[PDB]
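A.B. asks: One file is attached below, data11.csv, containing CSV, C-alpha atoms.
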chain,number,residue,atom,x,y,z
A,349,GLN,CA,120.8,127.5,90.9
A,350,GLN,CA,121.0,129.5,87.6
A,351,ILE,CA,122.5,128.2,84.4
A,352,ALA,CA,122.3,128.9,80.7
A,353,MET,CA,119.2,128.3,78.6
A,354,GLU,CA,118.5,124.8,77.2
A,355,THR,CA,114.7,124.4,77.4
A,356,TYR,CA,113.8,123.8,73.8
A,357,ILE,CA,116.4,121.1,72.8
A,358,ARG,CA,115.8,119.0,75.9
A,359,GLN,CA,112.0,119.5,75.5
A,360,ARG,CA,112.0,118.3,71.9
A,361,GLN,CA,114.4,115.4,72.8
A,362,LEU,CA,111.9,114.3,75.5
A,363,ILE,CA,109.0,114.5,73.0
A,364,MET,CA,111.0,113.1,70.1
A,365,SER,CA,108.8,114.8,67.6
A,366,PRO,CA,108.7,118.3,65.9
A,367,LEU,CA,107.3,120.8,68.3
A,368,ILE,CA,108.0,124.3,69.5
A,369,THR,CA,108.9,125.6,72.9
A,370,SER,CA,105.4,127.0,73.3
A,371,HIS,CA,103.3,125.4,70.6
A,372,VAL,CA,102.3,122.6,73.0
A,373,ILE,CA,100.9,125.1,75.5
A,374,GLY,CA,99.3,128.4,74.5
A,375,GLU,CA,99.6,129.9,78.0
A,376,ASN,CA,95.9,130.5,78.0
A,377,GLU,CA,96.1,134.1,79.1
A,378,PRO,CA,92.5,134.7,80.3
A,379,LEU,CA,92.1,131.2,81.7
A,380,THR,CA,95.4,131.5,83.5
A,381,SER,CA,94.4,135.0,84.6
A,382,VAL,CA,91.4,133.6,86.5
A,383,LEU,CA,93.5,130.6,87.6
A,384,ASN,CA,96.2,132.8,89.1
A,385,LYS,CA,93.3,134.8,90.7
A,386,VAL,CA,91.8,131.8,92.6
A,387,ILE,CA,93.7,128.6,92.1
A,388,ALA,CA,97.2,129.2,90.9
A,389,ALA,CA,97.9,131.3,94.1
A,390,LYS,CA,98.4,129.6,97.4
A,391,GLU,CA,94.7,129.0,98.1
A,392,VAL,CA,94.1,125.5,96.6
A,393,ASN,CA,97.3,124.3,98.4
A,394,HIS,CA,96.1,126.2,101.5
A,395,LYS,CA,93.1,123.9,101.4
A,396,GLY,CA,95.3,120.9,100.6
A,397,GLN,CA,95.7,120.3,104.4
A,398,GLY,CA,95.6,122.7,107.3
A,399,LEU,CA,97.3,126.1,107.5
A,400,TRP,CA,99.9,125.6,104.7
A,401,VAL,CA,101.8,123.1,102.6
A,402,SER,CA,105.5,122.8,103.5
A,403,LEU,CA,105.8,122.8,107.3
A,404,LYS,CA,102.4,121.1,107.9
A,405,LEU,CA,102.3,118.3,105.3
A,406,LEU,CA,105.6,116.9,106.6
A,407,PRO,CA,104.1,116.2,110.1
A,408,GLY,CA,101.2,114.5,108.4
A,409,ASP,CA,103.5,112.3,106.4
A,410,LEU,CA,105.5,111.5,109.6
A,411,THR,CA,102.4,110.7,111.7
A,412,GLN,CA,100.0,108.8,109.4
A,413,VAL,CA,100.2,109.7,105.7
A,414,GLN,CA,101.1,112.4,103.2
A,415,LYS,CA,98.5,113.7,100.6
A,416,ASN,CA,101.1,113.3,97.8
A,417,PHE,CA,98.9,110.7,96.2
A,418,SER,CA,95.8,111.7,94.1
A,419,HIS,CA,97.6,113.9,91.5
A,420,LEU,CA,96.1,117.4,91.1
A,421,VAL,CA,96.1,117.4,87.3
A,422,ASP,CA,92.6,115.8,87.5
A,423,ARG,CA,91.2,118.7,89.6
A,424,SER,CA,93.1,121.4,87.6
A,425,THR,CA,91.7,120.0,84.4
A,426,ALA,CA,88.2,119.6,85.8
A,427,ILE,CA,88.0,123.2,87.2
A,428,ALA,CA,90.1,125.2,84.7
A,429,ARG,CA,88.1,124.0,81.7
A,430,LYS,CA,90.7,124.1,79.1
A,431,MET,CA,90.0,125.0,75.4
A,432,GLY,CA,91.7,122.5,73.2
A,433,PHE,CA,89.3,119.6,73.8
A,434,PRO,CA,89.1,116.6,71.4
A,435,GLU,CA,86.0,115.0,69.9
A,436,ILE,CA,87.0,111.5,71.0
A,437,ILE,CA,85.7,112.0,74.5
A,438,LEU,CA,82.9,109.5,74.9
A,439,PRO,CA,83.7,107.1,72.0
A,440,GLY,CA,87.2,105.9,71.1
A,441,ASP,CA,89.2,106.1,74.3
A,442,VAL,CA,88.6,107.8,77.7
A,443,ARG,CA,90.7,110.7,78.9
A,444,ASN,CA,92.8,108.1,80.8
A,445,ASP,CA,93.0,110.4,83.9
A,446,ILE,CA,90.6,108.3,86.0
A,447,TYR,CA,92.1,107.8,89.5
A,448,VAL,CA,90.5,105.8,92.3
A,449,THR,CA,91.8,106.4,95.9
A,450,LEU,CA,92.8,103.0,97.3
A,451,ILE,CA,93.0,104.3,100.8
A,452,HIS,CA,93.6,101.1,102.7
A,453,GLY,CA,93.9,97.3,102.3
A,454,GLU,CA,96.2,94.5,103.4
A,455,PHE,CA,97.0,90.8,102.9
A,456,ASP,CA,96.9,90.0,106.6
A,457,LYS,CA,96.7,86.3,107.0
A,458,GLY,CA,95.0,86.6,110.5
A,459,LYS,CA,96.0,83.1,111.6
A,460,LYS,CA,99.6,84.2,111.8
A,461,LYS,CA,100.4,86.3,114.9
A,462,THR,CA,102.6,88.7,112.9
A,463,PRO,CA,101.0,90.3,109.8
A,464,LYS,CA,103.1,90.2,106.6
A,465,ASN,CA,102.7,93.1,104.2
A,466,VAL,CA,102.2,92.6,100.5
A,467,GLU,CA,102.0,95.4,97.9
A,468,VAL,CA,99.1,95.4,95.5
A,469,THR,CA,99.6,93.3,92.4
A,470,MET,CA,97.5,94.8,89.6
A,471,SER,CA,97.0,91.6,87.7
A,472,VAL,CA,95.2,92.6,84.4
A,473,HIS,CA,93.2,90.1,82.5
A,474,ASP,CA,90.0,89.8,80.5
A,475,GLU,CA,86.6,88.1,80.8
A,476,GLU,CA,88.0,85.4,78.6
A,477,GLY,CA,91.5,85.6,80.1
A,478,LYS,CA,93.5,87.8,77.7
A,479,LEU,CA,97.2,88.4,78.6
A,480,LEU,CA,97.0,92.2,78.8
A,481,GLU,CA,100.7,92.7,78.4
A,482,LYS,CA,102.8,95.9,78.8
A,483,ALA,CA,100.9,97.4,75.8
A,484,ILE,CA,97.4,97.8,77.3
A,485,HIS,CA,97.4,98.6,81.0
A,486,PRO,CA,100.6,100.7,81.0
A,487,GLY,CA,101.3,103.5,78.5
A,488,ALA,CA,99.7,106.2,80.7
A,489,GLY,CA,102.6,106.3,83.0
A,490,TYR,CA,101.9,103.3,85.3
A,491,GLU,CA,104.2,100.3,85.4
A,492,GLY,CA,102.7,99.0,88.6
A,493,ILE,CA,102.9,95.3,87.6
A,494,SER,CA,106.3,95.2,89.3
A,495,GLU,CA,105.3,97.0,92.5
A,496,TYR,CA,106.5,94.6,95.2
A,497,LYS,CA,109.0,94.4,98.2
A,498,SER,CA,106.7,95.7,100.9
A,499,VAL,CA,108.5,96.7,104.1
A,500,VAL,CA,106.4,97.8,107.1
A,501,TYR,CA,106.9,101.3,108.6
A,502,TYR,CA,108.5,101.6,112.1
A,503,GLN,CA,105.2,101.6,114.0
A,504,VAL,CA,102.0,100.6,112.3
A,505,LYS,CA,101.3,97.6,110.0
A,506,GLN,CA,97.8,98.8,109.0
A,507,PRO,CA,98.5,101.4,106.3
A,508,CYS,CA,98.4,100.1,102.7
A,509,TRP,CA,100.8,100.4,99.8
A,510,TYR,CA,98.9,102.4,97.2
A,511,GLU,CA,100.3,104.8,94.6
A,512,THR,CA,99.2,106.5,91.4
A,513,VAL,CA,97.3,104.4,88.9
A,514,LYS,CA,97.3,105.4,85.2
A,515,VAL,CA,95.5,103.4,82.5
A,516,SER,CA,95.4,104.0,78.7
A,517,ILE,CA,92.2,102.1,77.8
A,518,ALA,CA,89.4,102.1,75.2
A,519,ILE,CA,85.7,101.6,75.4
A,520,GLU,CA,85.8,98.1,74.0
A,521,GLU,CA,88.5,97.1,76.4
A,522,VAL,CA,86.7,98.6,79.4
A,523,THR,CA,83.7,96.6,78.2
A,524,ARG,CA,85.7,93.4,78.0
A,525,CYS,CA,88.8,93.2,80.2
A,526,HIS,CA,88.9,92.9,84.0
A,527,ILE,CA,91.5,93.3,86.8
A,528,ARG,CA,92.1,91.5,90.1
A,529,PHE,CA,93.3,92.3,93.6
A,530,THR,CA,96.4,90.1,93.6
A,531,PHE,CA,98.9,90.1,96.5
A,532,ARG,CA,102.0,88.1,95.8
A,533,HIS,CA,104.6,88.2,98.6
A,534,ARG,CA,108.1,89.3,97.8
A,535,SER,CA,109.9,87.5,100.6
A,536,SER,CA,113.6,87.8,101.3
A,537,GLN,CA,114.1,84.4,99.6
A,538,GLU,CA,114.9,84.8,95.9
A,539,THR,CA,112.8,81.7,94.9
A,540,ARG,CA,109.1,82.3,94.3
A,541,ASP,CA,108.2,78.6,94.2
A,542,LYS,CA,107.0,78.5,97.9
A,543,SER,CA,103.5,78.5,99.2
A,544,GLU,CA,103.5,82.2,100.2
A,545,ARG,CA,101.4,83.2,97.1
A,546,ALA,CA,98.2,85.1,97.0
A,547,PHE,CA,95.3,83.3,98.8
A,548,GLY,CA,92.7,85.1,96.7
A,549,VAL,CA,91.8,88.1,94.5
A,550,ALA,CA,88.8,90.2,93.7
A,551,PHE,CA,87.7,91.6,90.4
A,552,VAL,CA,86.9,95.2,89.5
A,553,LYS,CA,83.4,96.1,88.1
A,554,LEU,CA,84.1,98.7,85.4
A,555,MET,CA,80.4,99.4,84.7
A,556,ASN,CA,77.5,99.1,87.1
A,557,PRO,CA,74.9,96.4,86.3
A,558,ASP,CA,72.2,98.9,85.4
A,559,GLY,CA,74.5,100.5,82.8
A,560,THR,CA,76.0,103.2,85.0
A,561,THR,CA,79.8,103.6,84.9
A,562,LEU,CA,82.2,103.8,87.8
A,563,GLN,CA,80.9,106.2,90.5
A,564,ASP,CA,82.6,108.6,92.9
A,565,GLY,CA,80.4,107.6,95.9
A,566,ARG,CA,81.9,105.7,98.8
A,567,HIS,CA,81.6,102.0,98.1
A,568,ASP,CA,84.3,100.0,100.0
A,569,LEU,CA,85.2,96.8,98.3
A,570,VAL,CA,86.3,93.5,99.9
A,571,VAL,CA,88.2,90.5,98.6
A,572,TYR,CA,87.2,86.8,98.5
A,573,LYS,CA,89.9,84.1,98.9
A,574,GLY,CA,90.1,80.4,98.2
A,575,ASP,CA,91.6,77.9,95.8
A,576,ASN,CA,93.2,79.2,92.7
A,577,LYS,CA,90.9,77.2,90.4
A,578,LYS,CA,87.7,79.0,91.5
A,579,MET,CA,89.1,82.4,90.6
A,580,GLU,CA,91.5,81.6,87.6
A,581,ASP,CA,88.4,82.2,85.4
A,582,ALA,CA,86.2,85.3,85.3
A,583,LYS,CA,82.7,83.8,85.2
A,584,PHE,CA,82.7,83.0,88.9
A,585,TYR,CA,83.5,86.6,89.8
A,586,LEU,CA,81.3,87.9,87.0
A,587,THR,CA,78.3,86.3,88.7
A,588,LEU,CA,79.5,87.4,92.1
A,589,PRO,CA,80.2,91.2,92.1
A,590,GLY,CA,81.2,91.1,95.8
A,591,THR,CA,80.1,94.7,96.3
A,592,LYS,CA,78.1,96.5,99.0
A,593,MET,CA,75.0,96.4,96.8
A,594,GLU,CA,74.5,92.6,97.0
A,595,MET,CA,75.1,92.5,100.8
A,596,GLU,CA,71.7,94.1,101.3
A,597,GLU,CA,69.7,94.3,98.1
A,598,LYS,CA,70.4,90.8,97.1
A,599,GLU,CA,69.2,89.4,100.4
A,600,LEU,CA,72.7,88.3,101.3
A,601,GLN,CA,72.5,89.6,104.9
A,602,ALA,CA,73.8,86.3,106.2
A,603,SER,CA,77.6,86.2,105.7
A,604,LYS,CA,77.5,82.4,105.4
A,605,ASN,CA,75.4,82.4,102.2
A,606,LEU,CA,78.6,82.0,100.2
A,607,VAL,CA,79.7,78.4,100.2
A,608,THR,CA,83.4,79.0,100.5
A,609,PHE,CA,84.1,82.7,99.8
A,610,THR,CA,84.4,85.1,102.8
A,611,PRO,CA,84.3,88.9,102.7
A,612,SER,CA,87.1,90.9,104.2
A,613,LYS,CA,84.9,92.1,107.1
A,614,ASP,CA,86.2,90.6,110.4
A,615,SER,CA,89.1,89.2,108.3
A,616,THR,CA,91.1,92.2,107.1
A,617,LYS,CA,90.6,96.0,106.8
A,618,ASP,CA,90.5,96.1,102.9
A,619,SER,CA,88.9,99.6,102.7
A,620,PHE,CA,89.1,99.9,98.9
A,621,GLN,CA,87.5,103.3,98.2
A,622,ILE,CA,86.1,104.0,94.8
A,623,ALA,CA,86.3,107.6,93.5
A,624,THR,CA,85.5,108.4,89.9
A,625,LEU,CA,86.9,111.9,89.9
A,626,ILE,CA,85.4,115.0,88.2
A,627,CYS,CA,88.1,114.7,85.5
A,628,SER,CA,86.4,111.5,84.3
A,629,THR,CA,84.0,111.7,81.4
A,630,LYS,CA,81.9,108.6,82.1
A,631,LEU,CA,80.2,109.9,85.3
A,632,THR,CA,76.5,108.8,85.4
A,633,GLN,CA,73.9,109.6,88.1
A,634,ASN,CA,70.6,108.6,86.5
A,635,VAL,CA,70.6,106.0,83.7
A,636,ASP,CA,70.0,107.9,80.5
A,637,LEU,CA,70.5,105.0,78.2
A,638,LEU,CA,67.1,103.8,79.3
A,639,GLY,CA,65.9,107.4,78.9
A,640,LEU,CA,66.7,107.1,75.2
A,641,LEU,CA,64.2,104.3,74.4
A,642,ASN,CA,63.6,101.9,77.4
A,643,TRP,CA,62.5,104.7,79.8
A,644,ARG,CA,60.2,103.0,82.4
A,645,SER,CA,58.7,106.3,83.6
A,646,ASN,CA,59.3,110.1,84.0
A,647,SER,CA,61.3,109.5,87.2
A,648,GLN,CA,64.0,111.8,85.8
A,649,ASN,CA,62.4,115.0,87.0
A,650,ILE,CA,61.3,114.3,90.5
A,651,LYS,CA,64.4,112.1,90.8
A,652,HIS,CA,66.3,114.0,88.1
A,653,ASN,CA,69.7,113.9,90.0
A,654,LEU,CA,70.5,117.4,88.7
A,655,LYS,CA,74.3,116.9,88.6
A,656,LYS,CA,76.4,118.3,85.8
A,657,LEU,CA,76.1,116.0,82.7
A,658,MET,CA,78.8,118.0,80.8
A,659,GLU,CA,77.4,116.9,77.3
A,660,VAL,CA,79.9,114.2,76.6
A,661,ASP,CA,76.9,112.1,75.7
A,662,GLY,CA,76.6,114.2,72.5
A,663,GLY,CA,73.0,115.5,72.6
A,664,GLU,CA,71.2,113.1,74.8
A,665,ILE,CA,68.8,115.6,76.5
A,666,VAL,CA,67.7,117.4,73.4
A,667,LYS,CA,67.2,114.2,71.4
A,668,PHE,CA,65.2,112.7,74.2
A,669,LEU,CA,63.1,115.9,74.3
A,670,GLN,CA,62.6,115.5,70.5
A,671,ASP,CA,61.3,112.0,71.0
A,672,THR,CA,59.1,113.0,73.9
A,673,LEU,CA,57.6,115.9,72.0
A,674,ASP,CA,56.9,113.3,69.2
A,675,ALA,CA,55.1,111.2,71.9
A,676,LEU,CA,52.7,114.1,72.7
A,677,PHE,CA,51.4,112.9,76.1
A,678,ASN,CA,50.4,116.2,77.9
A,679,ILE,CA,51.7,119.4,79.6
A,680,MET,CA,54.0,117.6,82.0
A,681,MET,CA,56.3,116.6,79.1
A,682,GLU,CA,57.0,120.2,78.2
A,683,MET,CA,57.1,121.6,81.8
A,684,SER,CA,59.4,118.9,83.0
A,685,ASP,CA,61.8,119.0,80.1
A,686,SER,CA,62.0,122.8,80.1
A,687,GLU,CA,62.3,123.4,83.8
A,688,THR,CA,64.9,120.6,84.3
A,689,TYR,CA,66.9,120.3,81.1
A,690,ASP,CA,67.3,124.0,80.4
A,691,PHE,CA,67.7,124.4,84.1
A,692,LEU,CA,70.9,122.3,84.0
A,693,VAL,CA,72.0,123.7,80.7
A,694,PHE,CA,71.7,127.3,81.8
A,695,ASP,CA,73.3,126.4,85.1
A,696,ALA,CA,76.3,124.5,83.8
A,697,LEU,CA,76.9,125.5,80.2
A,698,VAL,CA,77.2,129.1,81.4
A,699,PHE,CA,80.4,128.3,83.3
A,700,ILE,CA,81.4,126.1,80.4
A,701,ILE,CA,81.3,129.2,78.2
Take the structure in this file and express it as structure tokens.

C.D. replies:
Amino acid sequence: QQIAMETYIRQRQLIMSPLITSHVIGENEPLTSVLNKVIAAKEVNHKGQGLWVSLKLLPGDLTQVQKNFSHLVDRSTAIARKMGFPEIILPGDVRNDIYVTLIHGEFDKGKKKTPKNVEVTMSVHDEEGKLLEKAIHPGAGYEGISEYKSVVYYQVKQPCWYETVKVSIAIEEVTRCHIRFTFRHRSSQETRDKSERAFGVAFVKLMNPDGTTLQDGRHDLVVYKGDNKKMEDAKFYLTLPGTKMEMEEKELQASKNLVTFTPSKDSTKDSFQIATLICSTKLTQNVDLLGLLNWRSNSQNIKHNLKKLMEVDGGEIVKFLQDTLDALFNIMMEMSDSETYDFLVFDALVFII
């Protein structure tokens, strides 16, 4: 219903700093023109699910799940291509909009006939074991340390208990700290001194071993359970990534290779999807950091992986071209660098402009 105008006072009381009713947002007239043309109309929500959004998303919520998760600000930012960008993109701190879709996962004991549901306990720690109090992991709008009291739906026990994850983190911290898949049961009994605790956790690999960051590609992650002493430190999980890569390329085809640890396969569903969305700035397809100095070969043209590379690196391609031209091998240098690097630049920076 309609009432008198009080936007500015409430806005500045929310922000608690001297702003203006439209100084925070410039209304981006051409950008919002194109946005109202394609996105800000019904179309992106048309493609959200099925025919439309109000009378069709509710049946989806009632049957299996609603798409209310996976906030849209990531996609709106990643397609709209706003103007007021900072220069602290790659160094300093990340955009803090990274969101990974934890589609499924459960703490099903298996031995017990009736599964007991436990919400995800985002226990944040370090390689050395730093506390990581309310100051570090929260601050982006995520207080999920207290997410507990899991009650099953009326029909199916399988669906997980995942929600929005928001982290305000820096490059040094993402280099250092680590997080675990803890599941502490919040039973009806008030006392938490019983033996209903988490039987195991799994750590999160923030950067791939070759130097690549988190990736959007589908890599379901499992957990490994056991005594608390073998996972209270980080070295044991540091040397055991517990990812899909080691199950085949490490010659770990036999599931009994681990002395005590057991993957979730044939134990619990634990389909932990990884999705480094387009809004992220650390996306990496081919490892450019070797391309700087320790480049084994010119495998970055035939296997260039011609994806975006939105220039958050700060001049990687042109500096590498400068060094390669200094090398003075032969024609293939120039032909490759031209026809791939300026290919990508003239195919992405055009939309950037």

A.B. asks: Might you pull out every residue within 12 Å of residue 612 of chain A, with all atoms listed in the file counted and same-chain residues fewer than 2 positions away left off, and present them as a ChimeraX atom specification?

C.D. replies: /A:453-458,548-550,568-573,590-592,603,609-610,614-620

A.B. asks: Could you tell me how far atom CA of residue 487 of chain A lies from atom CA of residue 516 of chain A, in Å and to one decimal?

C.D. replies: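 If I compute the distance from atom CA of residue 487 of chain A to atom CA of residue 516 of chain A, I get 5.9 Å.
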
A.B. asks: Could you work out how far atom CA of residue 414 of chain A lies from atom CA of residue 396 of chain A, giving the answer in Å with one decimal?

C.D. replies: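 So the two atoms, atom CA of residue 396 of chain A and atom CA of residue 414 of chain A, lie 10.6 Å apart.
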
A.B. asks: Mind checking which residues fall within 10 Å of residue 494 of chain A, counting all atoms listed in the file, ignoring those fewer than 4 positions away in the same chain, and posting them as a list in words?

C.D. replies: residues 467, 468, 469 and 470 of chain A

A.B. asks: Between atom CA of residue 544 of chain A and atom CA of residue 463 of chain A, what is the distance in Å, rounded to a tenth?

C.D. replies: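 Computed distance, atom CA of residue 544 of chain A to atom CA of residue 463 of chain A, equals 12.8 Å.
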
A.B. asks: Go through segment 589-653 of chain A residue by residue and, counting all atoms listed in the file, keep those with an atom at most 12 Å from segment 663-683 of chain A; for each kept residue give the shortest atom pair and its distance in Å to one decimal, ordered by chain and increasing number, as JSON lines.

C.D. replies:
{"residue": "A:635", "atom": "CA", "partner": "A:664", "partner_atom": "CA", "distance": 11.4}
{"residue": "A:636", "atom": "CA", "partner": "A:664", "partner_atom": "CA", "distance": 7.8}
{"residue": "A:637", "atom": "CA", "partner": "A:664", "partner_atom": "CA", "distance": 8.8}
{"residue": "A:638", "atom": "CA", "partner": "A:668", "partner_atom": "CA", "distance": 10.4}
{"residue": "A:639", "atom": "CA", "partner": "A:668", "partner_atom": "CA", "distance": 7.1}
{"residue": "A:640", "atom": "CA", "partner": "A:668", "partner_atom": "CA", "distance": 5.9}
{"residue": "A:641", "atom": "CA", "partner": "A:668", "partner_atom": "CA", "distance": 8.5}
{"residue": "A:642", "atom": "CA", "partner": "A:668", "partner_atom": "CA", "distance": 11.4}
{"residue": "A:643", "atom": "CA", "partner": "A:668", "partner_atom": "CA", "distance": 10.1}
{"residue": "A:645", "atom": "CA", "partner": "A:681", "partner_atom": "CA", "distance": 11.5}
{"residue": "A:646", "atom": "CA", "partner": "A:681", "partner_atom": "CA", "distance": 8.7}
{"residue": "A:647", "atom": "CA", "partner": "A:681", "partner_atom": "CA", "distance": 11.9}
{"residue": "A:648", "atom": "CA", "partner": "A:665", "partner_atom": "CA", "distance": 11.1}
{"residue": "A:649", "atom": "CA", "partner": "A:683", "partner_atom": "CA", "distance": 9.9}
{"residue": "A:650", "atom": "CA", "partner": "A:680", "partner_atom": "CA", "distance": 11.7}
{"residue": "A:652", "atom": "CA", "partner": "A:665", "partner_atom": "CA", "distance": 12.0}

A.B. asks: Of the residues A:535, A:392, A:559, A:551, which is the one nearest to residue 584 of chain A, using only C-alpha atoms?

C.D. replies: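 Ranking A:535, A:392, A:559, A:551 by distance to residue 584 of chain A, first place goes to A:551.
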
A.B. asks: Which residues are near residue 373 of chain A? Cut-off 12 Å, all atoms listed in the file, ignore same chain within fewer than 6 positions. Put them as a list in words.

C.D. replies: residues 367, 380, 430, 431 and 432 of chain A

A.B. asks: Calculated over only C-alpha atoms, which of the candidates A:499, A:401, A:388, A:518 has the smallest distance to residue 466 of chain A?

C.D. replies: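 Among A:499, A:401, A:388, A:518, it is A:499 that comes nearest to residue 466 of chain A.
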
A.B. asks: Which residue, A:587, A:530, A:498, A:632, has the smallest gap to residue 564 of chain A when you use all atoms listed in the file?

C.D. replies: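 When distances to residue 564 of chain A are compared using all atoms listed in the file, the smallest one comes from A:632.
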
A.B. asks: Using only C-alpha atoms, pick whichever of A:394, A:534, A:429, A:482 has the shortest atom-to-atom distance to residue 700 of chain A.

C.D. replies: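 Closest to residue 700 of chain A of all the choices is A:429.
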
A.B. asks: Using all atoms listed in the file, which of the listed residues (A:359, A:605, A:424, A:449) sits closest to residue 622 of chain A?

C.D. replies: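 Smallest distance to residue 622 of chain A is found for A:449.
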
A.B. asks: Just want the 10 Å neighbourhood of residue 522 of chain A, counted on only C-alpha atoms, with same-chain residues fewer than 2 positions away dropped. Output as a PyMOL selection string.

C.D. replies: chain A and resi 441-442+474+517-520+524-526+553-555

A.B. asks: How would segment 536-550 of chain A read, as a PDB file, in the frame of the given file, once N, CA, C and O atoms are built in?

C.D. replies:
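To be explicit, this is the file written out as result-v6.pdb:
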ATOM      1  N   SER A 536     112.198  87.624 101.438  1.00  0.00           N
ATOM      2  CA  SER A 536     113.600  87.800 101.300  1.00  0.00           C
ATOM      3  C   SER A 536     114.267  86.673 100.491  1.00  0.00           C
ATOM      4  O   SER A 536     115.307  86.889  99.858  1.00  0.00           O
ATOM      5  N   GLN A 537     113.655  85.493 100.471  1.00  0.00           N
ATOM      6  CA  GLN A 537     114.100  84.400  99.600  1.00  0.00           C
ATOM      7  C   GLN A 537     113.926  84.734  98.162  1.00  0.00           C
ATOM      8  O   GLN A 537     112.863  85.225  97.769  1.00  0.00           O
ATOM      9  N   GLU A 538     114.943  84.456  97.343  1.00  0.00           N
ATOM     10  CA  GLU A 538     114.900  84.800  95.900  1.00  0.00           C
ATOM     11  C   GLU A 538     113.840  83.887  95.206  1.00  0.00           C
ATOM     12  O   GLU A 538     113.156  84.351  94.287  1.00  0.00           O
ATOM     13  N   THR A 539     113.729  82.623  95.606  1.00  0.00           N
ATOM     14  CA  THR A 539     112.800  81.700  94.900  1.00  0.00           C
ATOM     15  C   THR A 539     111.371  82.060  95.243  1.00  0.00           C
ATOM     16  O   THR A 539     111.020  82.366  96.387  1.00  0.00           O
ATOM     17  N   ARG A 540     110.528  82.028  94.210  1.00  0.00           N
ATOM     18  CA  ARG A 540     109.100  82.300  94.300  1.00  0.00           C
ATOM     19  C   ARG A 540     108.261  81.031  94.169  1.00  0.00           C
ATOM     20  O   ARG A 540     107.073  81.122  93.844  1.00  0.00           O
ATOM     21  N   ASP A 541     108.855  79.859  94.375  1.00  0.00           N
ATOM     22  CA  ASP A 541     108.200  78.600  94.200  1.00  0.00           C
ATOM     23  C   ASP A 541     107.534  78.094  95.527  1.00  0.00           C
ATOM     24  O   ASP A 541     106.996  76.983  95.553  1.00  0.00           O
ATOM     25  N   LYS A 542     107.595  78.881  96.599  1.00  0.00           N
ATOM     26  CA  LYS A 542     107.000  78.500  97.900  1.00  0.00           C
ATOM     27  C   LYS A 542     105.530  78.700  97.907  1.00  0.00           C
ATOM     28  O   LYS A 542     104.917  79.125  96.923  1.00  0.00           O
ATOM     29  N   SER A 543     104.917  78.413  99.059  1.00  0.00           N
ATOM     30  CA  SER A 543     103.500  78.500  99.200  1.00  0.00           C
ATOM     31  C   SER A 543     103.045  79.848  99.845  1.00  0.00           C
ATOM     32  O   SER A 543     101.983  79.923 100.477  1.00  0.00           O
ATOM     33  N   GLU A 544     103.842  80.901  99.672  1.00  0.00           N
ATOM     34  CA  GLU A 544     103.500  82.200 100.200  1.00  0.00           C
ATOM     35  C   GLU A 544     102.753  83.072  99.177  1.00  0.00           C
ATOM     36  O   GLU A 544     102.772  84.305  99.273  1.00  0.00           O
ATOM     37  N   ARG A 545     102.077  82.438  98.223  1.00  0.00           N
ATOM     38  CA  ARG A 545     101.400  83.200  97.100  1.00  0.00           C
ATOM     39  C   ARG A 545     100.151  83.840  97.627  1.00  0.00           C
ATOM     40  O   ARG A 545      99.826  83.850  98.818  1.00  0.00           O
ATOM     41  N   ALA A 546      99.425  84.430  96.681  1.00  0.00           N
ATOM     42  CA  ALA A 546      98.200  85.100  97.000  1.00  0.00           C
ATOM     43  C   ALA A 546      97.081  84.053  97.262  1.00  0.00           C
ATOM     44  O   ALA A 546      96.873  83.134  96.464  1.00  0.00           O
ATOM     45  N   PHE A 547      96.388  84.202  98.391  1.00  0.00           N
ATOM     46  CA  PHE A 547      95.300  83.300  98.800  1.00  0.00           C
ATOM     47  C   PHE A 547      93.995  83.622  98.088  1.00  0.00           C
ATOM     48  O   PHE A 547      93.065  82.810  98.150  1.00  0.00           O
ATOM     49  N   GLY A 548      93.884  84.782  97.454  1.00  0.00           N
ATOM     50  CA  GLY A 548      92.700  85.100  96.700  1.00  0.00           C
ATOM     51  C   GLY A 548      92.762  86.516  96.154  1.00  0.00           C
ATOM     52  O   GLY A 548      93.599  87.334  96.554  1.00  0.00           O
ATOM     53  N   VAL A 549      91.878  86.768  95.185  1.00  0.00           N
ATOM     54  CA  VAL A 549      91.800  88.100  94.500  1.00  0.00           C
ATOM     55  C   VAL A 549      90.317  88.437  94.392  1.00  0.00           C
ATOM     56  O   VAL A 549      89.416  87.635  94.644  1.00  0.00           O
ATOM     57  N   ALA A 550      90.087  89.688  94.005  1.00  0.00           N
ATOM     58  CA  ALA A 550      88.800  90.200  93.700  1.00  0.00           C
ATOM     59  C   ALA A 550      88.790  91.005  92.443  1.00  0.00           C
ATOM     60  O   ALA A 550      89.761  91.719  92.179  1.00  0.00           O
TER      61      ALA A 550
END
